[PDB]
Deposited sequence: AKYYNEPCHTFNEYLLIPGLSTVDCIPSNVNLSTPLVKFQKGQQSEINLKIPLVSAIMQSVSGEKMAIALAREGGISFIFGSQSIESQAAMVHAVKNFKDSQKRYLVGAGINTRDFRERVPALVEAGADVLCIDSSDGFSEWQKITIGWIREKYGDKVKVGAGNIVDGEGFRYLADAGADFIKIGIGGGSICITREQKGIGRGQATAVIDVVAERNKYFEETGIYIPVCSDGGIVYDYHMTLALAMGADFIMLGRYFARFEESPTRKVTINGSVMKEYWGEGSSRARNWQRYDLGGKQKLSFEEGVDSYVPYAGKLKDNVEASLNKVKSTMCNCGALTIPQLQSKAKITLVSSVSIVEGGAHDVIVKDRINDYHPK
């Protein structure tokens, strides 16, 4: 077996150490644009978001209302694929003809039928939805798409957590690669199967490989930090570590625009939020290992998250914090932040010092 020199870590263990802020480092001057799909050195991506936030490929998150609301704010939603091809295509079509950008998730089994339907519906980009994307199944799926559409259809892939996985999907032809296994708020894969890696360590490792790949091939492949975002500053950390954009489930599930019902639990207004690996969703394709067309066991839970209001207001508040921090770090663009960021791990005692302490908060 192979071992590592250091244990993996995640977001709550890090802090950014401010660099020089020039007079032009004003939050209003910060440009949050970011590339969504791979491109050649010196050029621009064919698809650039205005903000680095994308909603998860989940039944309880990316519906028509979410896609429209997020697209309006500059991001993009990936309409969930854990539904019939016909219904998913209809959702994509409704968003495209509500021009707002919209993505759609696909699986490694019915892609020969689902892809044509989604392309026809007007999807701008696709993304294979898999817990563990380091597989020949994803290579086959991407290969078929390239075979039939060449570079006309953009397809994201994976969910790998190290350089090897990234390299495999990059060579396979993925337009962007998703990072993360087990970090999701409603995910229990790490406790059920024992696979995964701290989200931050995964991003840092994959980004290092992505940059080597870029120097070697001249091809820049955007990577997405998927799952584990709890606080707004976690967004800034993920971007600083090298992620081009961030995929979130819980963050968006709390909004009015999520397709779930609002429910009151103990005097608190909540919203339903469940994992694709829960018996409720039954998205067996996401965990498919060539076995029976059913969920062998649960890898996600059914839950409630606090209702946070409208997406627009929340996204605005979150990004204002991101932009402010970027200015503390002397960055006016995401690439600048990724270059200038000074990132340190924090001891548990330092964490205690970071919050309010030795006072009774009024």
List the gaps, meaning deposited-sequence segments with no CA coordinates, ordered along the sequence.
99 to 103, 368 to 376
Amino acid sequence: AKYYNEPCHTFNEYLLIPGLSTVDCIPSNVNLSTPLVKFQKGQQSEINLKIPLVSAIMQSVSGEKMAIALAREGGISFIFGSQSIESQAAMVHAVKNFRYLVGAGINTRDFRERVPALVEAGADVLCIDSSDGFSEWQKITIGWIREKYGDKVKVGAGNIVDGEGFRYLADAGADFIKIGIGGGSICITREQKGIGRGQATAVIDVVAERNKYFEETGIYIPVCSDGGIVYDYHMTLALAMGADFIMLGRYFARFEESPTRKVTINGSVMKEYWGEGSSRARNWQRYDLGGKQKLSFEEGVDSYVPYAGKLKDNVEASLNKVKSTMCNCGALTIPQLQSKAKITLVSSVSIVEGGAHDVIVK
From here on, numbers count along this sequence of modelled residues.
Quick note on 40 to 48 and 27 to 35: per-entry mean CA temperature factor is higher in 40 to 48
Ranked by mean Cα B-factor in the entry, 119 to 127 and 232 to 240, top stretch is 119 to 127
Options 283, 201, 138, 185 - largest CA temperature factor per the record
283
From 163, 291, 74, 133, can you pick the one with the highest C-alpha B factor in the entry?
291
Third assignment of residue 350 from its chain's C-alpha B-factors:
middle
Based on the entry's values, in what third of the chain does the Cα temperature factor of residue 215 lie: lowest, middle or highest?
highest
Lowest, middle or highest third - CA B-factor, residue 113:
highest
Ranked against its chain, the third holding the CA B-factor of residue 338:
middle
Which third, lowest, middle or highest, does the C-alpha temperature factor of residue 102 belong to within its own chain?
middle
